[PDB]
């Protein structure tokens, strides 16, 4: 089922960058095969630099479930969560994170080299509680190609 929800997050990234809500980033929060929230980056729509896909999904899932913790839930991110979003994932008590593309795939088309030390295990103070799965194979390929596809779409604009 990992493939299904990761590809749904990828679809959310495409949808969000097509409708102009924000950058090509998606996030899906699931509760035992049940989709709780399916969101993308809403920074431009909300005029909110904290409205990344992961943060938006956390907010919507927490409001839908009437609780500030998502201990029974897992999050699927189309792209490797940033430091802010990884911190939000920690605070949300999500029990597992699956992300598709490395941050370098986003950096390749002009996004900031804003990478979470706690996700990559390079910190002194911050460590991760979280089970972190980096996607491989076909899901990883789809997620990685997201960014070059979006650049192609808007090339002649």
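Residue numbers count along the first chain shown, from 1. Here the rigid core means the biggest group of C-alpha atoms that line up within 1.5 Å when the two forms are laid on top of each other.
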Per-stretch CA RMS vs shown form in 7 other deposited structures of this protein, rigid core as reference, larger of 32-40/124-132 is 124-132
Comparing 148-156 with 2-10, larger root-mean-square C-alpha distance from this form in 7 other deposited structures of this protein, core superposed, belongs to 148-156
Mean Cα B-factor check, 3-11 vs 146-154, entry values; winner is 146-154
For 21-29 versus 131-139, entry-based mean Cα B-factors point to 131-139
The residue of 53, 98, 109, 88 with the maximal C-alpha B-factor according to the PDB record is 109
The largest CA temperature factor among 122, 92, 47, 66 is found at 66
Assert third(CA B-factor, residue 61) within chain per record equals middle
Entry-reported C-alpha B-factor of residue 115 relative to its chain, by third, is middle
By the entry's values, the third containing the CA B factor of residue 80 is the lowest
Residue 36: CA temperature factor from the record, placed by chain third, in the middle
